[PDB]
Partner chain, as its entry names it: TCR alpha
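Here we start with a single chain on its own, the form solved without the partner chain, put down as structure tokens.
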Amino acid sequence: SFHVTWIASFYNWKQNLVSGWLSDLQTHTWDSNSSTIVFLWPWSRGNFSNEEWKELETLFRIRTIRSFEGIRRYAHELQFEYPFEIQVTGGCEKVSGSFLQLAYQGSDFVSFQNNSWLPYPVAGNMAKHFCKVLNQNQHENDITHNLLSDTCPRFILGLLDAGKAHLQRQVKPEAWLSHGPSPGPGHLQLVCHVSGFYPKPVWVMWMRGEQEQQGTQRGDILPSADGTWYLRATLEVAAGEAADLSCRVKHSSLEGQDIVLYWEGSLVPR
């Protein structure tokens, strides 16, 4: 799934952000001064020639700043009240699935379907009046359609091919154990940290021997700036039963050689 996101915050203090994404991985940014498309990796160009890239830059210029101006010119009659934020996400995926959705104040507001903008029902007549503005040029809607059903599939195809090496790399996790901060009385919180792995799918469990401890509470998977991932898995146990416990990590990159760490040494303490 490649998509472009647009974040526009209005205070009439302002802010305009455009960036491109392969799911979790950022691949493009729009520099708000050079009006250029900055490529965050060598392979961010996909198989798109430099001149087709200047074409794309032309259209990102014109539509980003006509969209900001249009939003601010119509805000009165649309009853957009300051401060407010507009968010847009558009791109393509199954098989050739495409999408373009717009939110106002963090809620579904309008979306683009085939050839025209449609309001989400719950968003009311305000969203309906917005579609009128959004639908004032059928040709501009036809351009949007072709951006979604033509340009985006070809781009994502070239992008995935160009980036296959980076996207399918295997980075081994490291792990470590610590005491968790808020155990109940008479209990300990054992924490198993897993960091530096890629790609995202991972397995981590506290164990007693070969028995998985179902009390294991996995946290969110969190990002690092270097593009790898982080996870904390905790287990609450009675202080008497923390001996034979270990943390076991399985990951594609380890090829069956699980990381296994043992609650012990000064962690008991012996």
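Residue numbers count along the first chain shown, from 1.
Just so it is clear, the following notes concern the form deposited with the partner chain bound, a form of the same protein that is not shown.
- The candidate spot formed by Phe48, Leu147 and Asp150 is fully in contact with the partner chain in the deposited bound form: every one of the three has a heavy atom within 4.5 Å.
- Using a 4.5 angstroms threshold between heavy atoms, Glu236 stays clear of the partner chain in the deposited bound form.
- Using a 4.5 angstroms threshold between heavy atoms, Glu52 counts as touching the partner chain in the deposited bound form.
- Residue contact check for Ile143: one or more of its heavy atoms lie within 4.5 Å of the partner chain in the deposited bound form.
- Interface membership of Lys94, defined by any non-hydrogen atom within 4.5 Å of the partner chain in the deposited bound form, is ruled out.
- Note on the partner interface in the deposited bound form: the residue among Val202, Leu56, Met207, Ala242 having a heavy atom within 4.5 angstroms of the partner chain is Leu56.
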